[PDB]
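K.L.:
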Amino acid sequence: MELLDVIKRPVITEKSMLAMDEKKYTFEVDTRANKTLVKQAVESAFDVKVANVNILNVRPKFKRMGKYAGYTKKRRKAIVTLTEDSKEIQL
Amino acid sequence: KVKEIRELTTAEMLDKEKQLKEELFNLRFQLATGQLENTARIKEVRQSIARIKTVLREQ
Amino acid sequence: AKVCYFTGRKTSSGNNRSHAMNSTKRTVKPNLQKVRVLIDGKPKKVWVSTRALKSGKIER
Amino acid sequence: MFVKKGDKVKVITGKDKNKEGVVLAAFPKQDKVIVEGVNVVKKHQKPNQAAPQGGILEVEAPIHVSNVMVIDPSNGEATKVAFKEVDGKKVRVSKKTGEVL
RNA sequence: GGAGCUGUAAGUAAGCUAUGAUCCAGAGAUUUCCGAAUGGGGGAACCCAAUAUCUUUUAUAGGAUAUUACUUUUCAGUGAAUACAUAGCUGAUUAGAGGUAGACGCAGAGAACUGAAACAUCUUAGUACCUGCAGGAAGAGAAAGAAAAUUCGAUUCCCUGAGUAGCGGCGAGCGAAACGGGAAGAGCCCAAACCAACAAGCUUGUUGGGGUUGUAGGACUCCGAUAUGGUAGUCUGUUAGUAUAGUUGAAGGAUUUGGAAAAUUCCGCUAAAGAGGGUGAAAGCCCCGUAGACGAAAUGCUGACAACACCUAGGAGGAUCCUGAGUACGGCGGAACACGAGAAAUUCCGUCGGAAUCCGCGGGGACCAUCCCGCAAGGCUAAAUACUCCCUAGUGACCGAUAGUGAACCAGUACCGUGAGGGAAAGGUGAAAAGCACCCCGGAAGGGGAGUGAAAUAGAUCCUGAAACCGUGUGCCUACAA
RNA sequence: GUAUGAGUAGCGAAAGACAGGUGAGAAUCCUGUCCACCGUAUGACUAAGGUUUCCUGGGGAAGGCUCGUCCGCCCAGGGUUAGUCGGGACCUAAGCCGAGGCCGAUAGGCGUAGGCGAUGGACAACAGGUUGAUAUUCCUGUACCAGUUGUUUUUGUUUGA
RNA sequence: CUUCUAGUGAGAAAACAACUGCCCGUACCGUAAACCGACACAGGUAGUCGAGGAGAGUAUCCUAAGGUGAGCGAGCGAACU
Ligand SMILES: [K+]
Ligand SMILES: [K+]
Ligand SMILES: [K+]
Ligand SMILES: [K+]
Ligand SMILES: [K+]
Ligand SMILES: [K+]
Ligand SMILES: [Mg+2]
Ligand SMILES: [Mg+2]
Ligand SMILES: [Mg+2]
Ligand SMILES: [Mg+2]
Ligand SMILES: [Mg+2]
Ligand SMILES: [Mg+2]
Ligand SMILES: [Mg+2]
Ligand SMILES: [Mg+2]
Ligand SMILES: [Mg+2]
Ligand SMILES: [Mg+2]
Ligand SMILES: [Mg+2]
Ligand SMILES: [Mg+2]
Ligand SMILES: [Mg+2]
Ligand SMILES: [Mg+2]
Ligand SMILES: [Mg+2]
Ligand SMILES: [Mg+2]
Ligand SMILES: [Mg+2]
Ligand SMILES: [Mg+2]
Ligand SMILES: [Mg+2]
Ligand SMILES: [Mg+2]
Ligand SMILES: [Mg+2]
Ligand SMILES: [Mg+2]
Ligand SMILES: [Mg+2]
Numbered sequence: 001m002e003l004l005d006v007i008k009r010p011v012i013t014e015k016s017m018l019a020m021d022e023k024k025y026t027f028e029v030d031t032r033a034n035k036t037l038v039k040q041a042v043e044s045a046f047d048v049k050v051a052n053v054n055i056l057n058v059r060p061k062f063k064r065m066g067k068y069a070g071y072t073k074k075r076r077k078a079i080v081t082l083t084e085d086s087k088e089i090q091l
Numbered sequence: 002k003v004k005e006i007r008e009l010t011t012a013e014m015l016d017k018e019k020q021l022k023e024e025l026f027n028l029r030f031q032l033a034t035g036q037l038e039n040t041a042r043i044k045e046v047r048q049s050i051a052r053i054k055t056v057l058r059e060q
Numbered sequence: 002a003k004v005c006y007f008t009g010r011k012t013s014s015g016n017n018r019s020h021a022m023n024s025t026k027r028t029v030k031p032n033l034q035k036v037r038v039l040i041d042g043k044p045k046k047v048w049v050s051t052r053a054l055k056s057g058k059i060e061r
Numbered sequence: 001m002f003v004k005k006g007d008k009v010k011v012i013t014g015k016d017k018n019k020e021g022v023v024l025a026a027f028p029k030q031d032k033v034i035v036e037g038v039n040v041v042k043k044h045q046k047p048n049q050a051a052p053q054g055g056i057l058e059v060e061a062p063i064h065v066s067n068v069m070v071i072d073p074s075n076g077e078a079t080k081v082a083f084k085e086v087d088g089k090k091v092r093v094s095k096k097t098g099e100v101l
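Printed below as a string of structure tokens:
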């Protein structure tokens, strides 16, 4: 796929902010994606030199609204750890 | 819109598509935050990407 | 399949009717023999029947 | 629809019979219409709509558009509608007279 | 098409729209992944690759696109045992797969319960089931026929024949066909004799011409037409219509009741429109519409009309040649024919044997003779007939929520089951949410006032609101009675 | 649908008591002190299976065989970070599939090559900390395997490393 | 994996610096109230660790680390089970 549709959005949570304060940023990603593609995507989207990338894929979380029950969509969340001698992405 | 898009040339169409794509990226970020109000700009950008790719394909 | 290449004679069914005409089902198989026949310029071992072998008309 | 926003209008049926009024909005998928001054219902309201008492509003409920009769803008007598191709363009036209709208 | 539009689905935000939106119809593009799934694998919706180009990165790693299954048909190149070669391999090509419509029809295979008051022949039944082939229909189909009339002229389907003639442990039961009447209507090709051409090795394979039949026909020998009609064909075109959006489309206002008028009364109007539905209640004249009159840029479809294409000849002779061979037929064994081996014709399957061909052959219910009718063993063929997953327009002395589809409600769902599989329940506020601001009790729920509303004992368990059942109170009776 | 039995059987092996607190409300929730039970387990890892039951903050309509301020219940949010662990890009057994092929009323059955397939074989990491929830994964140190680019030092240039 | 050559071959070896290393699982229960048994069911559920005194011992009694206090109770102390 294309590098900007690879990434979808960031994950604003307490854990993610605590990681932002340690220079590694969370991002939701195309579920079909790849770690090297996340790396390429961020490197082309921010001119920042990436150091490491971790990935999780989150299960679909059960939910319901009245009679009707279902599943939250699957997600894939990458954690992009940057280098020193590098910028800090601004969100 | 489709009029000026059909007036454009190929490399210009593709540059415009890439720029709309970057705008959509940034809008997804601003929507993940509470930093955006005009949400319909999202659908507008996606619509316009579709118009451009359709014009390329139909050329 | 187990079929004469030429005439198409194949297995069928029939009835054994006893002296009291008690009926039971049987297989009725034709008299097929495997024969090195000159199919389309090539020799080949193929099922084929006596009724087609009688005529000459097909070579070995 | 023979009723359209921006049209002085007479009512045929209801407790607000023979009253006049204009069209504030029209719901064609319901075949209803809203008319200022007509069918003013008393809605017990909550303050979640920037009303810092909650209070009791008075607001115009819809009206079914078949309980409605348009007005000639040059006669006052209310009429029925025909459609005519004037100048190539299709417009509403009065019955009882050839006045447009 | 002409102003509200962002579905169900409120509500908030943001916004779009005469620069003509939403919406509707036709065509085109995009069309993730699985699935015949087909690059290889696999526990479906996952994984791993090869090759070519391009891209990322200092460079790897990474990424995008395209191709890569098998089998069949043809073609080419290589090329084993094995020399010639063939097989095989590779590469280009060509057309198949699989599911639908729990329906229809051809073929293969093929039950039993049941009935016979048991039961074996028989019946159920060539039904159900399974499988293959399919097509919009299929299958059958232009007489080796039906008859007895010297006559009807291809099949199919309805009526009738007829529950007859027959079959049958002569039992139970099974059960025709033809005549007649109708619906629909159409007939065509090929092999062969011979002729011309090619080739190998005077015949004999290929192409073309010729010629398809029973009052026998054709080849062949002679006589003239160059004709004359038809077509069951073609994205050859035009033309007309029609299907898929749509537009227009007449005529009423007042009194009484009432929350509301469409009801009542009054005088009217209109009708190629009094079909139906909705609208605060029962409306010909309020609305959607109806009758009626117009309309399609675009894609289909149907029918004509021209071009193209294909068929289309006549009269004598029968010297000679041809007229469908392991075929018809027969024996044995079995089936289908209404017909159960019976006197068993006719048709078909297996097996074995095994004819003549115009002075010829088959049938006419064993069979022989005479007579009559027809000419098999090669192929095709529309129409009337059957059926409806579906689409449109509709209809009902069909249902109206225990009914009608299992399902009017997010139903093949929840649930049960390892699984195949089985399989529910559950509709209605009000005209309109106008759905109870505010106050009181209370933790809240839930009540009580107030208020909306015609109505709240119409307030989410919502129209009506039976009975069982559970209570409250009250007139009479009841603690020596079975 | 509602009765009857009937406000009955039953409330599913075992030790809790007290003070305070929260709270409208406390045997039942929280904190604390004593007490008792398990201890080749009633403890700590972990495969399968379950599949969100985990953590935080609220709640007490229903469920919990009582209650309930509480919960594996309800509601809103979040949470699962691997070159080295396990599995695949490595191997194969049993067993499965199966080009071609053989056999067969059809359908299909068998089976070669070649593949699939662990419960086995091979294969480079571990000490601590850290969160409310993850830990040979994150963090700090110290490594290891496979590979890439560059610099330096060597040696092989076709009787050829 | 080691070796052999056949083959292939002009580039290979080491030291150093830097860099790269994909996909699935990773929560939690797990001799259980989360699995199978219709239930928060006296049942069943593979493997690893599984301390101490006395003891041959993983037997047995009481304890350690650690974990539990059993999802109805109060009283009275009858027959009967
Ligand atoms: K009996
Ligand atoms: K046919
Ligand atoms: K009406
Ligand atoms: K017979
Ligand atoms: K293993
Ligand atoms: K011990
Ligand atoms: Mg991972
Ligand atoms: Mg595949
Ligand atoms: Mg019987
Ligand atoms: Mg009949
Ligand atoms: Mg009208
Ligand atoms: Mg009505
Ligand atoms: Mg009237
Ligand atoms: Mg005969
Ligand atoms: Mg025979
Ligand atoms: Mg029903
Ligand atoms: Mg009812
Ligand atoms: Mg007495
Ligand atoms: Mg007394
Ligand atoms: Mg009792
Ligand atoms: Mg208990
Ligand atoms: Mg013990
Ligand atoms: Mg918890
Ligand atoms: Mg309770
Ligand atoms: Mg909690
Ligand atoms: Mg097999
Ligand atoms: Mg093998
Ligand atoms: Mg864990
Ligand atoms: Mg319990």
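Protein sequences, first through last, are from chains W, 1, Z and X. Counting from 1, position 46 in the first sequence corresponds to residue 46 in the deposited numbering; the numbering is continuous, with no gaps. Counting from 1, position 6 in the second sequence corresponds to residue 7 in the deposited numbering; the numbering is continuous, with no gaps. Counting from 1, position 58 in the third sequence corresponds to residue 59 in the deposited numbering; the numbering is continuous, with no gaps. Counting from 1, position 59 in the fourth sequence corresponds to residue 59 in the deposited numbering; the numbering is continuous, with no gaps. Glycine included, every Cβ here is placed at the ideal spot set by N, Cα and C.
Which of the three DSSP states, helix, strand or coil, is assigned to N32 (chain Z)?
P.N.:
For the purposes of this step, residue 32 (chain Z) is taken as the residue at position 31 of the third sequence. Of the three classes helix, strand and coil, the one that applies to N32 (chain Z) here is coil, per DSSP.
K.L.:
At what residues does the alpha helix (DSSP H) containing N27 (chain 1) begin and finish?
P.N.:
The residue you call residue 27 (chain 1) lines up with position 26 of the second sequence. Unbroken alpha helix (DSSP H) run through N27 (chain 1): 11 to 33.
K.L.:
I'd like to know whether the C-beta of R7 (chain 1) is nearer than 8 Å to at least one C-beta of chain W.
P.N.:
Residue numbering aside, residue 7 (chain 1) sits at position 6 when the second sequence is read from its first letter. Taking Cβ atoms only, chain W never reaches closer than 8 Å to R7 (chain 1), which makes this a no.
K.L.:
Take every Cβ of the region 8 to 18 of chain 1, pair it with every Cβ of the region 27 to 36 of chain 1, and state whether three or more of those distances are shorter than 8 Å.
P.N.:
Verdict: no, contact absent.
K.L.:
Measure the beta-carbon distance from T79 (chain X) to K90 (chain X) and round it to whole angstroms, keeping in mind my assumption that it falls under 8 Å.
P.N.:
Position 79 of the fourth sequence, counting from 1, holds the residue named residue 79 (chain X). Position 90 of the fourth sequence, counting from 1, holds the residue named residue 90 (chain X). That belief does not hold up - the Cβ atoms of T79 (chain X) and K90 (chain X) are roughly 18 Å apart, past 8 Å.
K.L.:
When you compare the CB positions of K15 (chain W) and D30 (chain W), do they come within less than 8 Å of one another, or not?
P.N.:
Indexing the first sequence from 1 puts residue 15 (chain W) at position 15. Indexing the first sequence from 1 puts residue 30 (chain W) at position 30. In this structure, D30 (chain W) does not lie closer than 8 Å to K15 (chain W) by Cβ.
K.L.:
Can you give, in chain order, each stretch of the beta strand (DSSP E) that sits fully within the region 19 to 50 of chain W and has at least 3 residues?
P.N.:
The qualifying runs are 24 to 29.
K.L.:
Mind checking if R52 (chain 1) is an interface residue toward chain W, Cβ cutoff 8 Å exclusive?
P.N.:
Indexing the second sequence from 1 puts residue 52 (chain 1) at position 51. Chain W, which has no Cβ nearer than 8 Å to the Cβ of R52 (chain 1), makes this no.
K.L.:
Note down, in chain order, every chain 1 residue with its Cβ under 9 Å from the Cβ of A45 (chain W).
P.N.:
In the first sequence, the residue the question calls residue 45 (chain W) occupies position 45. Per Cβ cutoff of 9 Å: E23, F26.
K.L.:
How many angstroms separate the CA atom of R10 (chain Z) from the CA atom of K3 (chain Z)?
P.N.:
Taking the third sequence and counting its residues from 1, the one referred to as residue 10 (chain Z) is at position 9. Taking the third sequence and counting its residues from 1, the one referred to as residue 3 (chain Z) is at position 2. Those two C-alpha atoms are separated by around 9 Å.
K.L.:
Based on the DSSP output, what are the partners of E20 (chain X) in its beta bridges?
P.N.:
Numbered from 1 along the fourth sequence, position 20 holds the residue referred to as residue 20 (chain X). The partner list for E20 (chain X) (beta bridge, DSSP) reads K10 (chain X).
K.L.:
Quick one: which chain 1 residues come within Cβ less than 7 Å of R32 (chain W)?
P.N.:
As a working note, residue 32 (chain W) is residue 32 in the first sequence. The contacting residues do not exist; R32 (chain W) stays about 17 Å from chain 1 at best.
K.L.:
Roughly how many whole angstroms lie between the Cα atoms of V47 (chain Z) and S56 (chain Z)?
P.N.:
Taking the third sequence and counting its residues from 1, the one referred to as residue 47 (chain Z) is at position 46. Taking the third sequence and counting its residues from 1, the one referred to as residue 56 (chain Z) is at position 55. Roughly 17 Å separates the two Cα atoms.
K.L.:
For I79 (chain W), which residues from the same chain have a beta carbon less than 6 Å from its beta carbon, with the 5 sequence-adjacent residues on both sides left out?
P.N.:
In the first sequence, residue 79 (chain W) corresponds to position 79, counting from 1. So the qualifying residues of the chain are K24, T26, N54.
K.L.:
Reducing DSSP to helix, strand and coil, say where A51 (chain X) ends up.
P.N.:
Indexing the fourth sequence from 1 puts residue 51 (chain X) at position 51. Coil at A51 (chain X), not helix or strand.
K.L.:
Would you list the one or two residues that DSSP bridges to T81 (chain W)?
P.N.:
On the first sequence, position 81 is the one that residue 81 (chain W) refers to. Partner(s): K24 (chain W), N52 (chain W).
K.L.:
Kindly indicate if chain 1 contains any beta-carbon less than 8 Å away from that of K77 (chain W).
P.N.:
The residue given as residue 77 (chain W) occupies position 77 in the first sequence. So no, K77 (chain W) is outside the interface.
K.L.:
Can you find at least 3 beta carbon pairs, one from the region 40 to 47 of chain X and one from the region 55 to 71 of chain X, that sit closer than 8 Å?
P.N.:
Contact between the region 40 to 47 of chain X and the region 55 to 71 of chain X is present, because at least three Cβ pairs lie under 8 Å.
K.L.:
Taking the alpha-carbon of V6 (chain W) as reference, which of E22 (chain W), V38 (chain W), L18 (chain W) has the nearest alpha-carbon?
P.N.:
The residue given as residue 6 (chain W) occupies position 6 in the first sequence. Closest option to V6 (chain W), Cα to Cα, is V38 (chain W).
K.L.:
Determine the direct distance from the alpha carbon of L91 (chain W) to that of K49 (chain W), and round the result to whole angstroms.
P.N.:
On the first sequence, residue 49 (chain W) is found 49 positions in, with the first residue counted as 1. On the first sequence, residue 91 (chain W) is found 91 positions in, with the first residue counted as 1. Cα to Cα, the separation comes out at about 17 Å.
K.L.:
Looking only at C-alpha atoms, which of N34 (chain W), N57 (chain W), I89 (chain W), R59 (chain W) sits nearest to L3 (chain W)?
P.N.:
On the first sequence, position 3 is the one that residue 3 (chain W) refers to. When only C-alpha atoms are compared, the closest one is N34 (chain W).
K.L.:
In the DSSP assignment, find the alpha helix (DSSP H) that holds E59 (chain 1) and state where it starts and stops.
P.N.:
Here residue 59 (chain 1) refers to the residue found at position 58 when the second sequence is read from its first residue. That run of the alpha helix (DSSP H) goes 41 to 59.
K.L.:
Strictly under 8 Å for the Cβ-Cβ distance: is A33 (chain 1) near chain W by that measure?
P.N.:
Here residue 33 (chain 1) is taken as the residue at index 32 of the second sequence, counted from 1. Yes, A33 (chain 1) counts as interfacial toward chain W.
K.L.:
Comparing the C-beta of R58 (chain 1) with each C-beta of chain W, is any distance below 8 Å?
P.N.:
Here the question's residue 58 (chain 1) lines up with position 57 in the second sequence. Not an interface residue.
K.L.:
Helix, strand or coil for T25 (chain Z), going by three-state DSSP, please let me know.
P.N.:
On the third sequence, residue 25 (chain Z) is found 24 positions in, with the first residue counted as 1. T25 (chain Z) falls in the strand class under three-state DSSP.
K.L.:
Pairing CB atoms from the region 57 to 70 of chain X with CB atoms from the region 25 to 42 of chain X, are three or more of them under 8 Å?
P.N.:
A contact exists between the region 57 to 70 of chain X and the region 25 to 42 of chain X.
K.L.:
With distances taken Cα to Cα, identify the nearest neighbour of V9 (chain X) among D72 (chain X), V93 (chain X), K84 (chain X).
P.N.:
As a position in the fourth sequence, residue 9 (chain X) is number 9, starting the count at 1. That would be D72 (chain X), whose Cα lies nearest to the Cα of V9 (chain X).
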